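One chain comes next, on its own, written as structure tokens: the form deposited in one PDB entry.
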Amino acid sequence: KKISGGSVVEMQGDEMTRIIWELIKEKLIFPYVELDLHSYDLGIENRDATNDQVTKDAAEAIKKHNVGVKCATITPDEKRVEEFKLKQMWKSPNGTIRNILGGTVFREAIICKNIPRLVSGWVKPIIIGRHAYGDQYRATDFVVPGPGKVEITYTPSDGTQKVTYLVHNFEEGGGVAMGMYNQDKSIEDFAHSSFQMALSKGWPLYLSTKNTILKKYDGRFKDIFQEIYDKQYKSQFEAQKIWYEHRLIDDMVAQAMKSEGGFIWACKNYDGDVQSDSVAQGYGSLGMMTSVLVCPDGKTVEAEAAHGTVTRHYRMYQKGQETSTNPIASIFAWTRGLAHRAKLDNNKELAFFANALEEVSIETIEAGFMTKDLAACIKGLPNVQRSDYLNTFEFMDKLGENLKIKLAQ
């Protein structure tokens, strides 16, 4: 019999992931779960034929039904215009979905006992939440060709005095300057999503800033987090035996390095962008990392794999050659989206399914069945032999059958 799974927006995507995506639904999901499924094809073909409007449609569909699961999509560049004869160099679907939904993106590992990390001691997930707006990413930067002054000026709407600050007087030669900003409302959303994510996963939360030097800019993030914590989350944190602390970024990267893991780490835009590439690598393959967008509203979530379409593997797949692409990240996109769906609907049976699929995936790996990327974590890439791993399809077949066995009890 089939579990009543509810409403979910489903976004098909490109290349290697698209093939894996279909295998996941066919073999892992639809056999066990009936869904009020709203599909939008964000394949690059159907994106061009609708002028990116299927993307905006899907973002709004997530806003309406609250749970989005998305396959990796090609982000058009020049090479990709030539490739598909694209009418316009369309923007990142993730950029467009983020911008429409708001929210913070959090990256959580999938951890298996028999797969060594690069940071030996990481035994639990370090979940980085990256504040997705402003700072360096909406900066206004320029070359300073020669002598002159760079000033920054605030002009109040309430009539009162314009303020002008000298940033630097270039007396000889030139250089470089920029302005950047953040927005109180965005910082509050970032805060809300981080507090909520910590309360739902059951881990403490740390915020990193550099407020020792950026006393006003970063002080603001620190103040906003503290004041939201105090008036809206503190007592749930203590009832759950969790805490919230602000840290200096220099202390935090050191603490994360020495940690066992088991915490949420809210990062500023740039720090999240960098520190999450470090942490993912410290865990191992990107095939073991999801990327989940969590809106401030408590309700709306969008889940994907942290990696891309895996073009290189797709090229070999197009040539009739062997592939071993890790599907775990795509699977946990499904399971983590489904678990959130189940939390919204109070659906014990769906929560039970999502968790059992995670367990089947981990157990199957723990038993010796794994893709090449994972075999390389054990032996070192130069020593992997063909008998150490399964191809993509053998691995999915195995997971599909172990799942079936696990679901019978």
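Residue numbers run from 1 along the displayed sequence.
The following text describes the form deposited in another entry, which does not appear among the structures shown.
- Comparing the chain between the shown form and the other one, the rigid parts pivot at a hinge, and of the candidates 284, 33, 93, 195 the one placed there is 284.
- By 3 Å or more, the C-alpha separation between residue 198 and residue 65 grows in the other entry relative to the form shown here.
- By 3 Å or more, the C-alpha separation between residue 302 and residue 201 grows in the other entry relative to the form shown here.
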